[PDB]
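**Q**
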Amino acid sequence: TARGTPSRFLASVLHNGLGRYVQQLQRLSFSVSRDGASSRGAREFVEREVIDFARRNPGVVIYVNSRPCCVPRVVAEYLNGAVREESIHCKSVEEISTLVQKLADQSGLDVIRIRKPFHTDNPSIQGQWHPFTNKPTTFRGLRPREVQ
Amino acid sequence: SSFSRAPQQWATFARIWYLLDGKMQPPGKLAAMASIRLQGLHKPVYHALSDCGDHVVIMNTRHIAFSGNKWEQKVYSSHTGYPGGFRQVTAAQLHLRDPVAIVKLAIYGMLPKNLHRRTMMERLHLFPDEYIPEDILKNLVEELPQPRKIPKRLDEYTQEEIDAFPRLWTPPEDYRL
Amino acid sequence: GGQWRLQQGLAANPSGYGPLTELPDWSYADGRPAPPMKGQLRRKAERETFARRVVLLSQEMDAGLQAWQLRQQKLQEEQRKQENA
Amino acid sequence: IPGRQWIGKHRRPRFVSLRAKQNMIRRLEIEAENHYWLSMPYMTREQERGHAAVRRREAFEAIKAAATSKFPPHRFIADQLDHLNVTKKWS
Amino acid sequence: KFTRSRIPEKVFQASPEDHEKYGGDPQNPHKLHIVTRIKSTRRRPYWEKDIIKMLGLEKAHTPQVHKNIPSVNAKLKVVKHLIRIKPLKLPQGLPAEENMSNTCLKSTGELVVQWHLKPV
Amino acid sequence: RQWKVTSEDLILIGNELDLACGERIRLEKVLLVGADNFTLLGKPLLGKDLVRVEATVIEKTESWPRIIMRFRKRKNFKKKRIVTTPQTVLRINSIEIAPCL
Amino acid sequence: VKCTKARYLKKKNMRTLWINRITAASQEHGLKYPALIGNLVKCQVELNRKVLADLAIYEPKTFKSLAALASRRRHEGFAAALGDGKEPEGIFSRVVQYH
RNA sequence: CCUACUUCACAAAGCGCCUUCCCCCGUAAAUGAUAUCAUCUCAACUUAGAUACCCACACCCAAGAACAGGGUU
RNA sequence: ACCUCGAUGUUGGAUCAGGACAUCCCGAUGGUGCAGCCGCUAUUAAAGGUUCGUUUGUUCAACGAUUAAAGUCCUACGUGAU
RNA sequence: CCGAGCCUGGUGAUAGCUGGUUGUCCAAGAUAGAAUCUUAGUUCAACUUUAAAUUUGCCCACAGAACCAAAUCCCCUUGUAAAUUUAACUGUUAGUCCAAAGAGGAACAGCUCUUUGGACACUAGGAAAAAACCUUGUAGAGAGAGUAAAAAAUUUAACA
Ligand SMILES: [Mg+2]
Ligand SMILES: [Mg+2]
Ligand SMILES: [Mg+2]
Ligand SMILES: [Mg+2]
Ligand SMILES: [Mg+2]
Ligand SMILES: [Mg+2]
Ligand SMILES: [Mg+2]
Ligand SMILES: [Mg+2]
Ligand SMILES: [Mg+2]
Ligand SMILES: [Mg+2]
Ligand SMILES: [Mg+2]
Ligand SMILES: [Mg+2]
């Protein structure tokens with residue numbers, strides 16, 4: 002639900018679109034077992050696709066570890082210190098290309114609820130409403146039942 | 002525009018004292034306007050949880066004007082919890098006892114039936130006469146317009162208004178009145 | 024206000040056909056037009072099969088009338104050609 | 012009310028507002044225009060006879076033929092051998 | 035017993051007051067109907083639900099082209115309280131295979147076979 | 104829908120737009136443009152030669168996981184689904200206006 | 051179950067909240083809500099309720115000009131239906147035909 | 001409430017004593033139009049038509065289940 | 001035969017009664033085949049009141065003596081964790 | 001704790017009766033009956049389900065179906081896509097209310113019993129709350145939009 006889960010406002014990291022766009026994903030960390038059916042589609046991802054992925058965005062540095070793991074993981078680390086560890090356990094090569102491309106596309110913000118679908122920081126341009134907009138002044142600033 | 006954060010925020014949510022004359026006015030049609038300005042439903046910053054109601058001062062609440070025989074037909078009924086304490090009192094008798102409570106019961110019926118209703122009733126000031134205290138007279142900002150245009154009587158039509166209206170019929174010469 | 028829009032030849036719902044929902048929502052900044060919207064593709068498939076039904080039914084109507092007229096001319100010639108011998 | 016408001020002998024009354032009258036009226040007007048456009052067929056019943064017998068026959072040949080072409084799918088060697096890669100290793 | 039209902043033929047014989055009210059022509063009538071289901075077939079008998087399935091009117095507020103022939107019109111006379119019937123008028127001609135995709139049926143009842151998105 | 108938009112702000116959309124993160128977009132179908140002292144509202148849209156609204160794609164996230172539970176009492180009817188929709192965030196970079204009236 | 055049935059109520063309560071805000075800020079300019087919405091529809095200015103509530107809060111000159119456009123079109127409807135028969139149409143009463 | 005009487009006794013009780021304050025609305029009649037008389041008038045209209053009370057440690061108590069209260073000069 | 005058969009405990013009485021008025025008494029009026037006194041009938045009024053005994057398990061009924069009157073009912077035939 | 005002790009055994013007696021029957025997700029799916037020491041149940045049918053073979057199924061137009069009202073049967077076209085048959089069985093077969101035609105009762109009942117059609121046991125909106133009335137069905141997200149049903153109206157007696 003939304004009352005048990007925390008929420009946040011829709012933001013970016015360092016005004017991520019204004020001047021230039023910066024890839025928010027620093028490191029990927031694959032740990033892939035050499036012998037093991039859990040990390041089969043990980044291995045076929047390293048043999049085929051992790052090199053072309055590593056060239057399609059050079060701001061990401063990638064660490065394939067190749068240790069005897071029993072469940073393979075990928076660890077995305079973001080520019081703001083966020084670390085999202087997701088498992089590639091028994092997933093095919095295409096599903097790891099969509100998973101790794103999903104981690105590449107997003108940012109190090111939490112995946113908790115976002116309150117508003119938008120974020121202006123200058124919401125009002127003609128001046129915000131206060132109760133004395135749309136009220137005409139009177140002569141000498143007089144209020145009702147005031148004589149002088 | 003171009004304020005700071007806290008003065009803009011204070012300006013948007015500050016509450017406005019209204020004045021509202023109730024001479025020759027029906028109490029429910031005053032209660033509609035008083036109810037709207039007490040909930041903050043006249044603000045586009047309205048939300049039920051932002052606490053954005055205002056203050057409404059209604060003066061001349063002895064000079065309520067019901068339409069029809071509602072002075073003699075409309076019954077205000079209370080029940081003190083004691084057995085046999087069911088007290089049905091017409092609007093005339095209750096207007097003679099406390100000359101505030103007809104407009105007060107009307108507004109209290111108009112407001113949303115929740116816990117903000119009595120806080121909104123404490124932002125409403127009902128005075129039976131012309132006299133309003135000076136600490137409330139120094140708070141008022143706007144006088145809201147009266148929702149019923151009071152019809153004038155024959156002492157109040159001017160002679161050009163009378164002569165502008167035509168004589169419609171000739172009486173006989175020998176007629177006595 | 025949809026009865027007014029029916030009076031003006033517009034769609035009754037402003038999200039229906041027209042300029043708000045059938046132009047592309049976005050383009051590249053270079054000037055390249057976007058790939059088409061999924062609902063615009065599905066919708067133009069709906070309008071195309073609708074038009075195909077209009078043409079198909081119209082052709083069955085015209086071929087039906089002309090086939091009836093040829094049956095009536097053959098009945099008239101089977102009336103006339105047996106009036107002898 | 013005697014019991015269960017809306018069914019029974021003594022039911023509570025319900026009355027027809029101006030909403031419900033205008034709704035029923037505009038439904039009757041749409042209905043009367045349906046009565047207009049059903050009053051003028053483009054063909055008689057003689058003229059329509061058999062004008063779509065060919066297309067209906069071919070349509071049921073398509074449904075009949077889709078019914079009589081139901082059978083188990085093809086079984087391949089590459090699927091069964093393709094299972095063996097569950098123990099694919101590196102070296 | 036609530037049974038199926040028959041409708042006599044004088045109900046479906048238009049008058050010149052009706053020919054002037056609605057823009058129809060008794061000589062040279064229209065070929066194609068636009069039919070639109072605008073009343074749910076629930077709380078209706080099963081034969082009406084069946085006719086609404088036979089006419090392809092399962093979704094509401096979706097137009098469907100039918101023929102103006104007495105058999106189709108017999109099915110439309112069964113469910114005439116559930117639908118809306120308009121003539122399919124065609125200002126420009128019925129579309130050729132060149133103009134096949136660039137059509138749009140307007141809310142007036144006309145099928146415009148050259149459909150730009152541009153103002154006049 | 105209809106997004107009220109300045110420059111330098113953000114919009115969270117609820118679909119993937121088959122675009123790379125960082126690609127510039129010209130938003131067509133603008134339909135009101137205002138400043139402090141004038142506006143420009145078109146019928147229903149504005150001219151593409153009049154208003155140019157630009158926006159980049161920042162991030163193509165998923166939503167927070169979203170539970171879809173159905174439950175009918177005394178009928179043993181209890182279904183749980185968990186759904187994350189895709190989302191893209193757009194940084195509106197500039198609203199440029201063109202003197203064509 | 052409340053969490054899923056409250057999505058419909060989220061959409062509903064946002065829309066009635068917007069109609070309250072458009073109602074309040076249009077009462078500030080003398081109009082009412084149905085005159086404002088019906089006569090903004092009749093100008094082919096097809097702004098929705100969310101945008102008009104946000105203009106009602108953050109940009110009230112634009113909302114005042116939309117109120118003058120809607121009341122101008124309302125008076126062109128009054129003078130239009132008043133002088134029946136053929137008369138020249140209103141200036142803001144013209145419609146833009148698309149094809 | 002206990003002065004007597006009675007059950008009784010450093011008090012509580014009644015069988016004993018003391019105090020107890022406003023109307024009801026149904027009609028009955030004036031003047032008088034609609035309907036120039038008249039007519040009590042779902043005509044305008046005229047008659048018959050609540051105060052009081054309450055309010056700033058410890059020990060004993062007429063206060064009290066505890067707490068609270070009153071008194072301690 | 002709709003709730004209750006995995007419990008909604010029964011008539012009278014005691015005790016406390018709450019309510020209705022379609023008023024038995026007390027209050028105010030209209031008519032009367034109303035002289036007065038007693039009556040009869042109708043309008044309004046529910047603030048207050050509405051007895052004790054013999055027989056009977058009796059609510060009832062009869063009887064005895066009074067009373068201003070000894071009301072009609074409803075409240076799970078009010079109320080048995082009183 | 002004796003209308004026939006208590007213990008062990010047969011004994012895991014038997015129960016048409018009561019209660020319970022534990023992961024996820026999708027799909028199809030509700031109301032003719034006949035027998036029965038039977039109406040608290042079972043068997044067959046009907047309906048439902050899965051697989052399979054085939055070709056017609058549904059709606060229907062002229063014509064047609066008896067003598068002593070609504071309508072139905074039949075039914076080429078047409079609109080459609082389902083139907084029959086084969087294989088395998090389970091389960092439902094203790095229904096309610098409304099509209100209408102009747103029977104019984106009081107021309108009573110939220111009454112009983114038939115028939116035709118809805119609805120509910122399935123979702124949502126309205127009728128105040130609301131199984132059965134009206135609107136509406138095919139499922140998700142949206143801080144978009146157009147609509148559907150939808151708000152009770154009434155105030156009275158002179159007369160020569
Ligand atoms: Mg009831
Ligand atoms: Mg029964
Ligand atoms: Mg029982
Ligand atoms: Mg009485
Ligand atoms: Mg009892
Ligand atoms: Mg008890
Ligand atoms: Mg057993
Ligand atoms: Mg049995
Ligand atoms: Mg299903
Ligand atoms: Mg038996
Ligand atoms: Mg047949
Ligand atoms: Mg029944």
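Chains as they are written, first to last, in the entry's author numbering: chain b, 2 to 149; chain K, 2 to 178; chain j, 24 to 108; chain o, 12 to 102; chain Z, 35 to 154; chain S, 104 to 204; chain R, 51 to 149. The beta carbon of each residue, even a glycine, is placed where N, CA and C say it ideally should be.
1. Can you give me the C-alpha to C-alpha distance between Z:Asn133 and Z:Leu89, rounded to a whole angstrom?
2. Let's see if you can read the secondary structure: which residues bound the beta strand (DSSP E) around Z:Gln98?
3. Is any beta-carbon of chain Z found at less than 8 Å from that of o:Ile41?
4. Taking the alpha-carbon positions, what's the o:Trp17 to Z:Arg76 distance?
5. Find out if the Cβ-Cβ distance for the pair b:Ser88, b:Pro73 is shorter than 8 Å.
6. Indicate whether S:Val136 and S:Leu130 have their beta-carbon atoms separated by less than 8 Å.
7. Helix, strand or coil for K:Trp18, going by three-state DSSP, please let me know.
8. Return the chain-ordered list of same chain residues with a C-beta closer than 6 Å to the C-beta of S:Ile116, the five sequence neighbours on each side being excluded.
9. Do K:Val76 and K:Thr91 have their C-beta atoms closer together than 8 Å?
10. In whole angstroms, what separates the C-alpha of o:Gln91 from that of o:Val97?
11. Excluding the five sequence neighbours on either side, which residues of its own chain have a C-beta within less than 6 Å of the C-beta of K:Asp130, listed in chain order?
12. Measure how close the beta-carbons of b:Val33 and b:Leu80 come, nearest whole angstrom, since I'm counting them as under 8 Å.
13. Using a beta-carbon distance cut-off of less than 7 Å, what residues from the stretch 114-126 of chain b approach chain R?
14. Since K:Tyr77 is in the beta strand (DSSP E), which residue starts that stretch and which ends it?
15. What's the gap between the Cα of K:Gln10 and the Cα of Z:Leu151?
16. On the premise that b:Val75 lies in contact with b:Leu29, defined as a C-beta separation below 8 Å, what is that separation, rounded to the nearest angstrom?
17. Does the distance between the C-beta of o:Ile12 and the nearest non-hydrogen atom of ligand 1 fall short of 7 Å?
18. Is the separation between the beta-carbon of K:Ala12 and that of b:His131 shorter than 8 Å?
19. Against chain R, does j:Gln26 count as a neighbour if the rule is that its beta carbon must be under 8 Å from one of theirs?
20. When we look at the beta-carbon of o:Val27 and count the other beta-carbons within 10 Å, is it buried (16 or more) or exposed?
21. Can you give me the C-alpha to C-alpha distance between Z:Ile68 and j:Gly87, rounded to a whole angstrom?
22. Whether or not the stretch 44-59 of chain Z and the stretch 44-53 of chain o are in contact is what I'm after, with contact meaning three or more pairs of Cβ atoms, one per stretch, closer than 8 Å; do they touch?
23. Does DSSP put Z:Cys138 in a helix, in a strand, or in coil?
24. Taking Cβ to Cβ, would you say S:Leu193 is nearer than 8 Å to S:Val160?
25. Taking Cβ positions only, does b:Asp106 come closer than 8 Å to chain S?
26. Mind checking if Z:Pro50 is an interface residue toward chain j, Cβ cutoff 8 Å exclusive?
27. Determine, for j:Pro47, whether the minimum Cβ-Cβ distance to residues of chain R falls below 8 Å.
28. How many whole angstroms separate the CB atoms of Z:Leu128 and j:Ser81, which I take to be in contact at a CB cut-off of 8 Å?
29. List, from N- to C-terminal side, the beta strand (DSSP E) runs of 3 residues or more that fit wholly inside the stretch 52-76 of chain K.
30. Within 8 Å of any Cβ in chain j, is that where the Cβ of S:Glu111 sits?
31. K:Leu106: which of K:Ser79, K:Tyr132 and K:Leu116 sits nearest, CA to CA?
32. Whole angstroms is fine: what's the gap from K:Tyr158's alpha carbon to K:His96's?
33. According to the Cβ coordinates, are b:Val101 and b:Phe54 closer than 8 Å?
34. With contact counted as at least three CB pairs below 8 Å, one residue from each stretch, are the stretch 115-122 of chain R and the stretch 82-91 of chain R in contact?
35. With DSSP run on the structure shown, which of helix, strand or coil describes S:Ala158?
**A** From the atom records:
1. 27 Å
2. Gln98 to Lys101
3. yes
4. 21 Å
5. yes
6. no
7. strand
8. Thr191
9. yes
10. 12 Å
11. none
12. The pair is not a contact, with the Cβ atoms about 25 Å apart (cut-off 8 Å).
13. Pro124, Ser125 and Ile126
14. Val76 to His80
15. 45 Å
16. 6 Å
17. yes
18. yes
19. no
20. exposed
21. 20 Å
22. yes
23. strand
24. yes
25. yes
26. no
27. no
28. 5 Å
29. 56-60
30. no
31. K:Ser79
32. 31 Å
33. yes
34. yes
35. strand
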